[PDB]
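First comes one chain, alone, set out as structure tokens in the form deposited in one PDB entry.
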């Protein structure tokens, strides 16, 4: 039952050119914040991850989609906020590696242990560590793993796989890149094979391709991983209709949704940023991607469906949702693809908050794995990297720059970034904290021994 307040509106209250018109606050927040602090148990937890969604990414998407004085009804609505560090470790020296990759950072919040770039569910000694999801299951809680990326990718994989390298998607890659994890060598298996063992109640995302591979050993040797899932009682859905038809999800009938061969379709289309793109060419206006589809479930829909099915568990549930392509498009220096995925994540967050506000014992956390390349710069900027001018909702031009790599892919950045929370124990994300603190925060909120 409703009791802890969600920020209803932090947009500019009026005329931004007038005194007080750009204010996002309408009065003192001391009482609102006190009402936002509760140490009661967290029955459920919904962790929404925006891959590469640093503060810069959030601002750029707000400016374009909601206007500078706009307000993300989801992302900007969490009352308790802070900044956390996501540095990784050098595998050999054990010293800090200032710029993490997705695997190391996801392993940090899901296991509570720092690790080297590329590792999933293991530390620098390559020792396995239980994930928050495996722990949630073990305690009898329902579990959900949702993503717009291929399920073998770092963020969703980190919750159910323990491999020496994120590249070990299926048997083939594992045999070659993770010999110690290869099933035919006595290991736990590839990422996909371990995901099948983790047996979370709900798993929705892309990456159907790897399931076409066949196991090299074990009870399901010779069969495709898809065939294995069928044989192990999984109910596989591949589109919006089939997913909507699902009435239950549990250990007897775990749900596995494969909605795309690889990553799911991005929300918006737009040209890639170019050298001196803001000075030479004209401004870009993003446009809806025709490949999006009504047959393809949206992040928001997968989030609602997951919540519906998971909420059935009286004990409670842990659910993770990742807006994966914010990061992917940031790499491809594609403003529209990037901003579109942030807008996409915001809707998912809205479903999570709307649900949590009514339920009353749900902790919702919104953050990112690491910071990224994109920067909002002056219109007349002449940079060495890739830049693009964009027509925002304000009817003004915004210029974005990607200048930390001459290579094709734009790199990650080590800056600390925003972490926001709402609900029981949300106070633990305020101020300065570490990405590994999030693991302990979730563990404690759910009361996991």
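Residue numbers count along the first chain shown, from 1.
The form solved in complex with a partner chain is left out here; the points below concern that form.
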query	finding
Interface segment, criterion being heavy atoms within 4.5 Å of the partner chain in the bound PDB entry, picked from 357-365, 344-352, 331-339, 114-122	114-122
Contact label in the bound PDB entry: residue 150 to the partner chain, heavy atom within 4.5 Å	no
Interface membership of residue 177, the partner chain in the bound PDB entry, 4.5 Å heavy atom rule	yes
Exercise: residue 232 in contact with the partner chain in the bound PDB entry, heavy atom 4.5 Å	no
Any non-hydrogen atom of residue 101 within 4.5 angstroms of the partner chain in the bound PDB entry	yes
